[PDB]
């Protein structure tokens, strides 16, 4: 009992910059400071933007602010706290059945607006700041206009699917692949986030 360890916090280690004409990834914390911040849960770095790059000791993925909540996937974050300036912050939403978790959005983040356009021409933002056109094919599925090996999507769970107007349509959850090629994506619809919020 006395030797039982505690899992560290999720740590924001960068962001996908979508503020201008060019999307690009930025790193805000190196691996060493990440490990220390994960243990203490104390992250004094200023947060900016809608899409964060997050890490644990063993995984890296994305997290997306929508409606004042920073959302990501349960298969990345588990039940972990997230680091913040004043210490670990406990999840506000947890739903393993949807592969979904959420924390209060960090001070300084900006939130995406939930999409009400009803459009099926979507855009997936990856951890490498690729903007991938995706045609919506169902409530939780969309096809890549240009399929790519799954290597190019690995690490992007928790990222957004956006409509042409830049609203949040869903959270990237899983890749649909045949012989290692991602032809489609599975995502958590924003309406499912809004229901979780109730």
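Numbering follows the first chain given and starts at 1.
- Between the stretches 86 to 94 and 68 to 76, it is 86 to 94 that shows the larger average CA temperature factor.
- The PDB entry reports B-factors from which the mean C-alpha value can be compared for 38 to 46 and 164 to 172; the larger average falls on 38 to 46.
- Residue 62: CA B factor lies in the lowest third for its chain, per the PDB record.
- Residue 29: CA B factor in the middle third of modelled residues in this chain (values from the PDB entry).
- For residue 156, the recorded CA temperature factor ranks within the lowest third of the chain's modelled residues.
- Residue-level temperature factors show residue 126 in the lowest third of its chain, judged at the C-alpha atom.
- The deposited CA B-factor of residue 52 belongs to the middle third of values across its chain.
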